[PDB]
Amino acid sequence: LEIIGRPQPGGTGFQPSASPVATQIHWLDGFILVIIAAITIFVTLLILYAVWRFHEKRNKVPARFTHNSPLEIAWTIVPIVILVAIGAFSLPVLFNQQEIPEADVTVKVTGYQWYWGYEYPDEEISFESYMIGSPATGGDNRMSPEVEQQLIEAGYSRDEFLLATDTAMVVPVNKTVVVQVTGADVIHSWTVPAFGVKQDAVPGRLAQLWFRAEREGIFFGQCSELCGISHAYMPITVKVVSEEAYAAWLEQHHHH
């Protein structure tokens, strides 16, 4: 399996997209980025021009005007129009994001200090996920020869330290996955950047998210609500595989 959902050295962009929702986010952000870079460059060029054109050695008697009504009507309406354009493209994206479709696969995620518990209610499967290198695996949340060995044996490298977990949430490609997120002790937050999803794990509440992964691979996330001393050390691994590789994984969990 290819490692796809991961930060890359020196990266300045988004993590690669592996869901339609993530693709929408990349487009909406790129659309807004061109606009706000245009606004910022515009404002900056105005300031640099005004400082150059009206420097005291070049303009020695200052004007005195304090109004210009065509300009003020312009610079009030054009922002309003820019923002309405942004809202028009971004509200559909928000609506696609938050309207939960019908699940092909259903996973119930519980956040703990400091690890994640997964249950597949249709399959009567449940397990816990700890960072490779956490105390659960024998470590103390730092790199070491033993931790590097465990990463290799699990199919990763030392580069995936702090992202890779001992167990992964396995899902089939091109299926609608609905995840139900809650917290067991404090608030945590479950996210996978490559899927464009993030949902807080609040004790006493069950909240839902959805994704449909569009290619196979490995995708990482990290807990995203400060939860205590090992907030930095309770990540998320998602493996997207073929329909029958997924069934194979299911069957390996079935007790006869």
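Note that residue numbering begins at 1 and tracks the sequence as displayed.
Between 202-210 and 66-74, it is 66-74 that carries the larger average Cα temperature factor according to the deposited entry. Mean C-alpha B-factor is higher over 75-83 than over the other stretch, the pair under comparison being 117-125 and 75-83.
In the deposited coordinates, the residue among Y130, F89, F161, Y112 with the greatest CA B-factor is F89. By the numbers in the PDB entry, the CA B factor is greatest at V51 among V51, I187, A194, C223.
The entry lists a Cα temperature factor for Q98 that places it in the highest third of the chain's modelled residues. In this PDB entry, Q15 carries a Cα temperature factor that places it within the middle third of its chain's modelled residues. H231: CA B factor in the lowest third of modelled residues in this chain (values from the PDB entry). Remark: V173 belongs to the highest third of its chain, ranked by C-alpha B-factor as recorded.
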